[PDB]
Each structure stands twice: as C-alpha cells, then as structure tokens.
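This report concerns only the one structure given below.
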Amino acid sequence: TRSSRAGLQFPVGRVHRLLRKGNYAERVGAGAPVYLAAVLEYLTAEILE
DNA sequence: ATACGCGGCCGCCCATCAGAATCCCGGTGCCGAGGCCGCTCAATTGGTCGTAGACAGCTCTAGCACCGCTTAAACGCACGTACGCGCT
C-alpha cells in the first residue's frame with residue numbers, strides 16, 4: 001500500500017490529492033504522485049543529517 | 001655579724017589525642033525516544049465513462065549550408081597623457 005508498493009518513506013497517497021486539488025493541469029499524470037513523494041523524501045534526508 | 005641553701009622558672013626532647021582532607025564509592029535532575037490511544041475524517045478500494053493524448057501520416061515551413069563580392073569592423077602597435085594608487 002503506497003509506501004509499500006512504491007517502497008518509500010514519504011506519503012504517496014497524500015501529494016496526489018493536493019496536486020489534483022491545487023488544480024495544476026486538466027487531469028493528472030500517473031507518473032507524478034509517486035515520483036513527487038520520492039524526491040521530497042530524498043531532500044528531507046539530505047538536511048537532517 | 002657572715003656564709004650556705006633553694007625555689008620555682010625554663011629550654012629540652014619526648015609522649016597522647018583530636019581534627020582536617022583525599023580517596024573510595026553515589027544520588028539527582030534533565031533530555032529525548034517511546035507507548036499508549038482513540039475518536040475519525042481523509043485516503044483507498046472497486047468500478048464506470050469518456051476524453052486527452054499518444055501515435056502514425058503527411059506536407060510544408062525555415063533552419064542549414066555554402067559561396068563570393070564588398071568593406072566595415074577588428075587588429076596590433078606606437079606614443080604620451082592623465083589617472084590608479086602609494087605615501088604622508
């Protein structure tokens with residue numbers, strides 16, 4: 001389930017919703033919620049340490 | 001009248017009993033992961049429809065290349081002036 005299937009530490013089923021409610025393009029590409037959680041986690045980790 | 005005795009005082013080394021101080025073991029407070037949890041409202045699940053957008057065909061602009069006549073602009077150097085910058 002999202003983190004699982006994706007294999008990330010970030011919420012994949014949270015940024016998908018905001019990107020569709022922000023109202024960016026007409027519909028949303030399937031690519032992004034998942035990809036978009038990934039880089040975010042990556043940045044998150046780069047600072048903490 | 002005249003000579004002997006001594007008396008506590010005292011420096012001396014020498015003895016006894018308490019207090020100061022270092023080491024052998026310590027309790028205490030603060031910070032940060034943990035656990036617990038629970039009412040719940042946002043994500044997920046299973047599902048339909050339709051429409052963007054991938055994709056293949058097509059044609060039809062414009063970006064490339066290439067050349068040579070013409071010449072304005074760059075080049076390099078020579079000479080000195082009037083600033084950069086150092087000192088006071």
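Naming scheme: A, B, ... for chains in displayed order of the structure tokens; residues 1 onward per chain; ligands 1 onward as shown.
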### Interface list for chain B, partner chain A, 10 Å threshold, only C-alpha atoms (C1' of nucleotides), as an NGL selection string
:B and (42-44 or 52)
### Task
Please return as a VMD selection string: the residues of chain A that backbone DSSP assigns to helix (DSSP H, G or I).
chain A and resid 3 to 6 12 to 21 32 to 48
### Message
Rounded to one decimal, what separation in Å do you get between CA of residue 6 in chain A and CA of residue 31 in chain A?
### Response
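Atom-to-atom, CA of residue 6 in chain A and CA of residue 31 in chain A are spaced 11.8 Å apart.
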### Task
Just give me the gap between CA of residue 38 in chain A and CA of residue 7 in chain A in Å, one decimal is fine.
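Atom-to-atom, CA of residue 38 in chain A and CA of residue 7 in chain A are spaced 9.2 Å apart.
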